[PDB]
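First the structure, in the form of C-alpha cells, and then the observations on it.
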Amino acid sequence: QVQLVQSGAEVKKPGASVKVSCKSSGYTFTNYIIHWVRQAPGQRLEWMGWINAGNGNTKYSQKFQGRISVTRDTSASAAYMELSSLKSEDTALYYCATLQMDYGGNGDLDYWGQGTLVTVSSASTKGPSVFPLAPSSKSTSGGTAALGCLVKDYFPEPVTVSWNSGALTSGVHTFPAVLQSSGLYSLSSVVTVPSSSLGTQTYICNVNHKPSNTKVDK
Amino acid sequence: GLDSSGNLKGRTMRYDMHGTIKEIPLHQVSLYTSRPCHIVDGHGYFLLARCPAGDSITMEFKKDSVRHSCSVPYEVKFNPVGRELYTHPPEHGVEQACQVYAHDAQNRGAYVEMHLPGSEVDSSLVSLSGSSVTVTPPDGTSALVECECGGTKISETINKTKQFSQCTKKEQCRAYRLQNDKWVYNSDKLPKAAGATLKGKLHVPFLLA
Amino acid sequence: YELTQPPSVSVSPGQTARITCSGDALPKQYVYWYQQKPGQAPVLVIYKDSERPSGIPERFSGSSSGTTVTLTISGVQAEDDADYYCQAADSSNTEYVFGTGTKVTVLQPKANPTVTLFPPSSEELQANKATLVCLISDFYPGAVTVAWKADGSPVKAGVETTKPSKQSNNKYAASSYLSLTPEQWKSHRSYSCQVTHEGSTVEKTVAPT
C-alpha cells in the first residue's frame, strides 16, 4: 500500500525559497520515481520534476532552472522541494505523485498528495457590526461579519439558526492585497435587524467558528 | 524464387537477418561438398543443385562486410546408374532409366507444414534509459515484455515505447517480438507457439522423377 | 510542444461524451488520462491508451488515431463530472507535459437561480458611510459576473461590485459577495435599485429609500 504524505500549509511572502517535503513509504522504494508538480488554482497542471530514490538524479522542467533544487534523504524516505525567487503567480497548489498499483513502470502515476494550497491565516476577527437605527426597508445590510480579518476562510455567521437564511457569504477578494477575510451574514429582514443573534468568529487559531458577539443592532 | 517484399524475382535468395528480411542474387551464394557444387534452381525453402560426393555440405554467401557460412554433417552421395561405377557422368554411352531430382517446381503429391511462428526474443529492444529499463518495440510491432523484478511484468500490448522503472537491470527483462502474420516452417530450431499452430501446407518442389 | 485539449465540453446524461487530445509526436508516446474531482487530487482513469485500472467503471474508454486521442464516456451520469487531463512525455521523453483540461458538465441540474441575497445598504452601515454595493446570488445556473446597480440613476458598474464565480452546495455555479460602496450616495438618491442583468436574465428589485 503506497502512502506519501507531505508537509502542511505554509504561507510566506514573495521573494524567498519555499521548502515543501513529501515522504513516501509503504512500497518497494528501490527505484521508483516520485514527481513534483505544481498546479495553479483552477488551471492546468504544470509538471515540475521527477526524483529517483536510488539514482538521486532529477530532470528539471524546461521553464525553471537554478531556482528549483532537489533534496532527498533515505532516512525519512522523503523528498524536499525548494523554490527560490518565488513570485505572486508562483503561489499555487503542490502535489507529489507516485505509482500506487502497478501494471507497468513510469507514466503510470496513480497516487498523489493531499495538497498545500496556502492563503493568509493570521489570527484576526471582528466583533459587533454596527449599532445604528434600522431602515424602512425589510432588509438588513449589517450582519455577522468580520472586517480587516486575516483568518484563512474565517466563516462568520450567527450561532443560532436565525438570520442565516437569505445571507450571502462575502468572499475574501483581497483586492487591495489586504487579507480581507470576510463572510458576511446579513439578516435580510428589518425585524431580524433590530434583534440579531451573536455571530460566531472562526479566527485562525483553529478551524470552525467559536461563539462571538456580532449583532446587527438595528 | 522471389524477394523480401514478396513479389516474384527470378533467381534470388531471401533470408532473415535479426528480424529484417533481406535478399541477395542467387549467383552470389555458393555451396560445396568435397568439391564445389552448382546451384540449379531454388523454390521456397528448397534448393536444387549438383553436388559431388562428400561427408558434409556447407553453404556460403558473402555480404559487402561479412561472410555467412553454415556446414552440416549430412553425407552427400553420388549414385551411378547401371553396372559401371563412375564418379562423373560420362560424355557418351547408352540411355538407361534412372530417378533424379527433377528441375520443376510444380505441385506434385508431396507437402510440408507451415505453422504459426513462436515469439523470438530480442535483447536489442531492452535498453537502460534513466537507470531504468525501457522497451522500444520496432516501428509498428508489438513486443511482449516479461520481467521478474519487484512485481512480475507480463506487459504485452505495447506498440511505441514503455519504461518499466520497477526493474533496474536489463538482464531481468525479456522482450519477445510478435509477428503472428507470416507462417514459418515447422522447424525444430524454433520455439513452438502456444495453442494450435498448423496453418497450411507447402508443396515440395524438385521431387524425384 | 503542448497538448491541445478543449477548455470544457457539454454532454447530457445518458449519452457518450468525447474529449480530444492532440500532439505533434503524439503517436510515438503513450497518453494517460487523469480525473480531478473538485478539490481533490487527480486520479488516473485510463492508462496505455485502451485499458482502465481496477475500480474504474467500464464506461470510460480510450482510443488513439495518430495525432488525435479520444476519451469516450458511455452513459454519462451525475458523479462523472470532473476535470480530464491527457498527459504524456515530450519528444525527448525526458520531460512530461499535461493537457489543458476538460470540464465535463451536465446542463439539466440546478437550473433554478433562486437568488435570495438581500443587501439593504441600510442606515446601519451609514454610520461609517460605507454600505454593501449589491446582492450577489448564492446560487445561479451559469452565473455571469455582471452587476450594475442603478440607485436613482443610469445603471453604472461602480454602484455594484462583482466577484469571480464559485459553485454552490445546490451545484448551481454561483458566488456570493456582500460588496462595498458609498452610503451617502444611496441616501442622496431618490430611489435605490440594483440591476442584476446576468445569465440572460435582467430584473430589478424594489427601489425604496
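Residue numbering in chain B adheres to Swiss-Prot, whereby the residues present occupy positions 388-596 in order.
Method reported for this entry: electron microscopy, 4.0 Å.
Quick reminder: no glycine exception, Cβ is built from N, Cα and C everywhere.
Positions annotated as N-linked glycosylation site by Swiss-Prot, on the basis of sequence analysis: B:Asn546. DSSP assigns B:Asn546 (N-linked glycosylation site) to coil in the three-state reduction, placing it in neither a helix nor a strand. For B:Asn546 (N-linked glycosylation site), the number of other Cβ atoms no farther than 10 Å from its own Cβ, over all displayed protein chains, is 18.
Around B:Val427 (site 'Interaction with host receptor LDLRAD3'), the same-chain residues six or more apart in sequence whose CB sits under 8 Å from its CB are B:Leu435, B:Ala436, B:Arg437, B:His490, listed in sequence order. If you look up Swiss-Prot, you'll see B:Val427 (among others) marked as site 'Interaction with host receptor LDLRAD3'.
Per Swiss-Prot, the feature site 'Interaction with host receptor LDLRAD3' maps to B:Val487 (among others). Over all protein chains present, the Cβ of B:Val487 (site 'Interaction with host receptor LDLRAD3') has 11 other Cβ atoms lying within 10 Å.
Residue density at B:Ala489 (site 'Interaction with host receptor LDLRAD3'): 14 other Cβ atoms are found within 10 A of its Cβ, drawing on all protein chains shown. Marked as site 'Interaction with host receptor LDLRAD3' by Swiss-Prot: B:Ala489 (among others).
Around B:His490 (site 'Interaction with host receptor LDLRAD3'), taking its Cβ as the centre, 11 other Cβ atoms fall within 10 Å, counting all chains. According to DSSP, B:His490 (site 'Interaction with host receptor LDLRAD3') is assigned to coil rather than to any helix or strand. Sequence annotations record features per position, and here Swiss-Prot assigns site 'Interaction with host receptor LDLRAD3' to B:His490 (among others).
Sequence annotations record features per position, and here Swiss-Prot assigns site 'Interaction with host receptor LDLRAD3' to B:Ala596 (among others) based on experimental evidence. B:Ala596 (site 'Interaction with host receptor LDLRAD3') carries neither a helix nor a strand DSSP state and counts as coil. Take the CB of B:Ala596 (site 'Interaction with host receptor LDLRAD3') and look out to 10 A: across all protein chains shown you find 11 other CB atoms.
Cα separation, B:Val487 (site 'Interaction with host receptor LDLRAD3') to B:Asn546 (N-linked glycosylation site), rounded: 50 Å. Spacing of B:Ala596 (site 'Interaction with host receptor LDLRAD3') relative to B:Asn546 (N-linked glycosylation site) is 50 Å (Cα to Cα, whole number). Rounded to a whole value, the Cα-Cα separation of B:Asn546 (N-linked glycosylation site) and B:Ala489 (site 'Interaction with host receptor LDLRAD3') is 47 Å. Under DSSP, B:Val427 (site 'Interaction with host receptor LDLRAD3') is assigned to a strand (E or B) in the three-state scheme.
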